[PDB]
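Just the one chain here, the form deposited in one PDB entry, laid out as structure tokens.
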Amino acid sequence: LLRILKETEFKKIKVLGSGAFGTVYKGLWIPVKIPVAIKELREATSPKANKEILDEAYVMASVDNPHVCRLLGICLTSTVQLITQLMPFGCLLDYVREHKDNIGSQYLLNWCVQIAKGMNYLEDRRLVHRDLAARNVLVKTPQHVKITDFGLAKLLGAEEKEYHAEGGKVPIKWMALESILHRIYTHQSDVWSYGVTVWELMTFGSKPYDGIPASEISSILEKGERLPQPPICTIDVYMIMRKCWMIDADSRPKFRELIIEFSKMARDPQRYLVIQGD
């Protein structure tokens, strides 16, 4: 269930990460004391009132799946603070940068299946993540990754088109064209993001459309430009990524199918990914 917390019930010990909208802490929770992650959002960073935030908090807490992170608790005050379980190995984007030399095909494909498996769970429950990226995927173990930041894009008022945050970046390079142009988020726009995420892993954490300023993405997308085939990728893996980047949303694969397609590949990993020394 969702626990309602007082400030006195937890401590923030170390800064794990920072963002435009807030900061992630390594801390403890004393309901005995156990270690947690604590996401604090800077005051007035959300367009939602406290009733609406508390509602979205219960949805995030109800999330029950191996590959999606669950909200354990919330502290509501002038600033929103969120507690989840701590992942020993941290963010998957950083991991594939630290471990380029050491990561095999099997692993890379297993992560793709799991992200899909979690994204499919969200789709079945009629929920849209709205911010899928590698930075937003955490490592429980090398063999087990989890999707994180579910519900945050909504708390930060991404859906509400009228809103324009000040100093708030948009993950434009992770967004479907219809999300860029019309701020329309669907399960199928999530698939687009899924494709960019796979690309991030296949390149071992290189930046999408590097050198290209954000304001130009829509127009280069409309010219039909896409992220290039990653050196380690066979063309069969790349076409899956490419299919995710279709102008028509209903033609993009579904997470349900992507599990089957990536599972097939993960049973013969070497055939689909060419990595030296593996």
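Note that residue numbering follows the sequence shown and begins at 1.
Residues of the deposited sequence that sit between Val32 and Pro31 yet are not modelled: In the deposited sequence, 4 to 9 residues between these two have no coordinates.
Taking the recorded C-alpha temperature factors, which stretch has the higher mean, 145 to 153 or 168 to 176? So the stretch with the higher mean C-alpha B-factor is 168 to 176.
Would you tell me which stretch averages the higher CA B-factor in the PDB entry, 84 to 92 or 158 to 166? Comparing 84 to 92 with 158 to 166, the higher mean C-alpha B-factor belongs to 158 to 166.
Pick out which of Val198, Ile184, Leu72, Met119 has the highest C-alpha B-factor in the PDB entry. Checking the PDB record, the top C-alpha B-factor among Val198, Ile184, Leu72, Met119 is at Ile184.
Using the B-factor values recorded in the entry, state whether the Cα atom of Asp190 falls in the lowest, middle or highest third among the modelled residues of its chain. Within its chain, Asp190 is a lowest-third residue by C-alpha B-factor, going by the deposited values.
Of the three thirds of its chain by CA temperature factor, lowest, middle or highest, which one includes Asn50? Tercile = highest for this residue's CA B-factor.
CA B-factor placement of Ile115, once the chain's modelled residues are sorted into thirds: Lowest third.
By the record's CA B-factor, is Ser105 among the lowest, middle or highest third of residues in the chain? Tercile = highest for this residue's CA B-factor.
Is the Cα B-factor recorded for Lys207 in the lowest, middle or highest third of its chain? For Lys207, whose C-alpha B-factor we compare with every modelled residue in the chain, the answer is the middle third.
Quick note: we don't show the form deposited with a partner chain bound, though the next part is all about it.
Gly168 near the partner chain in the entry with it bound, any heavy atom under 4.5 Å? Yes, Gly168 is a contact residue.
Check whether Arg135 has any heavy atom within 4.5 Å of a heavy atom of the partner chain in the entry with it bound, and answer yes or no. Yes, contact at 4.5 Å.
Would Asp131 sit within 4.5 Å of the partner chain in the entry with it bound, counting heavy atoms only? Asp131: yes, in contact with the partner chain in the entry with it bound.
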